[PDB]
Amino acid sequence: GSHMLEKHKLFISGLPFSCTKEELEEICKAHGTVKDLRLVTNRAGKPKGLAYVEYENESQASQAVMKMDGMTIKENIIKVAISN
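Residues 1 to 84, numbered by the working numbering, are exactly what the sequence shown covers, in order.
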């Protein structure tokens, strides 16, 4: 009958202290299409290098994670892994 597609989220951390949501969003589109992006921050409105971003599909995120693993950002090394 009717079925709802299953979404997936990527675990990204280790981003620079100068990295913002706009910068990260730009990166996601490079590997695919950023459909959902959220930046972990407190009520103070302080952005943080730890956040999650869901991909339109599973294949896109899968091919993106392999190529994005070890990606150098501002001379820094970030870690990316798939969730469930």
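Every residue gets a Cβ at the ideal spot worked out from N, C-alpha and C, and that includes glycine.
Item	Value
So, for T41: in the same chain, excluding its five sequence neighbours on each side, which residues have a beta-carbon less than 8 Å away from its beta-carbon?	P47, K48
Can you tell me whether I73 is helix, strand or coil according to DSSP?	strand
With H, G and I counted as helix, E and B as strand and the rest as coil, what does DSSP make of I78?	coil
Using the Cα positions of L24 and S18, report the straight-line distance between them to the nearest angstrom.	11 Å
Could you check the C-alpha separation between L5 and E56 for me, to the nearest Å?	10 Å
Could you give the residue range of the alpha helix (DSSP H) that holds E56?	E56 -> no alpha helix (DSSP H), and no H or E assigned at all.
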